[PDB]
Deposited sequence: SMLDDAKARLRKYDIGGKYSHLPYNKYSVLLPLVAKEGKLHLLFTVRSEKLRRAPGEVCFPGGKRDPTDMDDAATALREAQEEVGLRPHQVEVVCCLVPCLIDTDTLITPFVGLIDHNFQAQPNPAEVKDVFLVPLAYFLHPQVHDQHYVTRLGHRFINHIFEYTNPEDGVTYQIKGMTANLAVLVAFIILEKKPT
């Protein structure tokens, strides 16, 4: 099936906890995969302007590890719950993708999660000003704008609203799309 096929593809790129004990400032993100209308989508946030870390930006749910977290996946899940109301029973963490090194002292670990079909986002306005889906296939043929660096523009056909997706978030979206959608019969 579509979902078993995605999970089987993703597991081949799992690095596990290989880089998880290194002495960095540690953050995790959740790359939430949602199946709608027979296709896979990624769930994105627009972060509140009030935040210190990446205000107003399109991002994945996530944040800084704290002492309560059993592991890096727990960080991602705790933060996704705080930001969009995603509960533990509503997500299956499938793998840990290659981490992102930044600022010389920080490691951001991405986890891909399969989201239950009855989940409905409840944006927490203290954390996020918006939550939106993008079909995974978009990232194979994105609308690119050069700001010099590459920015994606996605327009939601439901309402005509345009979102700018850039940096780490854009890079990870492309990675997940390649992993799941490459070399597929029609």
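Counting from residue 1 of the deposited sequence, the single stretch lacking C-alpha coordinates in this chain is 148 to 157.
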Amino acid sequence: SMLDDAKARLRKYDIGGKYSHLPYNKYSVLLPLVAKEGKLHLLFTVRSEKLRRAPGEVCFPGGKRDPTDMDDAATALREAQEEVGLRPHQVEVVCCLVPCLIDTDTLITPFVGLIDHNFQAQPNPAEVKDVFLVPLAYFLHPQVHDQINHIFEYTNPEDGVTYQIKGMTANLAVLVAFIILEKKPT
From here on, numbers count along this sequence of modelled residues.
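Superpose the two forms; the largest set of C-alphas matching within 1.5 Å is the rigid core.
Farther from the shown form on average, by C-alpha root mean square after a core fit in 8 other deposited structures of this protein, is 42 to 50, of the stretches 42 to 50 and 156 to 164. A summary of the deposited B-factors shows that, of 137 to 145 and 60 to 68, the stretch with the larger mean C-alpha value is 137 to 145. In this entry, the higher average B-factor at the C-alpha atoms falls on 149 to 157, of the pair 40 to 48 and 149 to 157. Ranked against the other modelled residues of its chain, the C-alpha B-factor of residue 122 as given in the entry falls in the highest third.
In the PDB entry, a CA B factor belonging to the highest third of its chain's modelled residues is recorded for residue 162. Among all modelled residues in this chain, the alpha-carbon of residue 173 has a temperature factor (C-alpha) in the lowest third. Sort the modelled residues of the chain by CA B factor and residue 21 lands in the lowest third. Annotation for residue 88: C-alpha temperature factor in the highest third relative to the rest of the modelled chain, per the entry.
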